[PDB]
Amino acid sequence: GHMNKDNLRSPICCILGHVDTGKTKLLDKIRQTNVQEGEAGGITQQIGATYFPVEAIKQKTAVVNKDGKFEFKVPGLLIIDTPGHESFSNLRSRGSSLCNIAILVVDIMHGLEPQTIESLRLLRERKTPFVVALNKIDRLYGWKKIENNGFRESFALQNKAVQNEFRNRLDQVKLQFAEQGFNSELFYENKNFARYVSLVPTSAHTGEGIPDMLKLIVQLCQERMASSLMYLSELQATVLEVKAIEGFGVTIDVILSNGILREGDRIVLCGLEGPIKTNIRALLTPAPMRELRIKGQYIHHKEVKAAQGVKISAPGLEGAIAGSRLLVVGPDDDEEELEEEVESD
């Protein structure tokens, strides 16, 4: 009686890939933001999270669902951005641990690179369903764009030189995946999603292929991800970062992976001075489709259902530890037991 339309969960998708492959730029094109331009050195140094309500995903896939026949079943999707720079393997591992499905970004002009291989191992270890965004197609020489088009509609319009270049680069990337033990196919040439990795060509600059990628991730959620993860179960939450925010004191940014968090909840998490026990005074999200990791305006909530990226204002968070689990003390819980439990992992 819990696997039904009244208990749906928004799943979590991680975007992984080698440095400078376009992971942040793809998310900026989806959000209609400019986070990448605001990063020092254009380098992502923190895990990001953006929530997409299913209404926005429907709109942003309309050009590859013109007849309206694709059935959306998820309520929304939380997408996690991760660093590609070699020095952030800990945050790729943390992000991957949180996700239920993933996009692996490959620059079509460079193929598989060391952090591509690292990310592929993280996904395989957790049996995470994924597709590959073969990004930067606009760098094919003579590429002719239509902004935000479906990949097939745009590829049909390309000259013979571009089609040959695309095919050569696609074949090279397929060979590299096979050398790593993965069979792969262009996503409309793929007979089986499970058997072979789907490859979806994209441009974060023109937006082409992004509708196809969004449709594919929704299909991964509804068709490949364990069905139990489409529905809410016990609370799971993880601290990402500790940030002082004007008006809200020292706050924490948290991925709520499962269950429901409520304003007023008694929470326990790891701290530098020992376990922190406190009460949520404000339970915040960014606006839809805006990054948790960028300071902005916030929406206040009495409750937030998973999965979401939230900011919590509460007394006593100064020494909160990134990576900590976060537990909610229920009526029959022993608070000291919960303390021992967050510090045990």
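Note that residue numbering follows the sequence shown and begins at 1.
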Legend entry - Residue stretch of maximal mean CA temperature factor, 75 to 83 vs 260 to 268: 260 to 268
Legend entry - Between 202 to 210 and 182 to 190 (mean CA B-factor, as deposited), the higher: 182 to 190
Legend entry - Criterion, highest CA B-factor; candidates, 94, 243, 215, 224: 243
Legend entry - Member of 144, 121, 136, 174 with the greatest C-alpha B factor (per the PDB record): 144
Inset, instruction - Please rank the C-alpha B-factors of the chain's modelled residues and tell me whether residue 115 sits in the lowest, middle or highest third. - result: middle
Inset, instruction - Taking the chain's C-alpha temperature factors as the reference, tell me which third residue 164 falls into: lowest, middle or highest. - result: highest
Inset, instruction - Give the position of residue 326 by CA B-factor within its chain, expressed as the lowest, middle or highest third. - result: middle
Legend entry - Chain thirds of CA B-factor: placement of residue 101: lowest
Inset, instruction - Give the position of residue 319 by CA B-factor within its chain, expressed as the lowest, middle or highest third. - result: highest
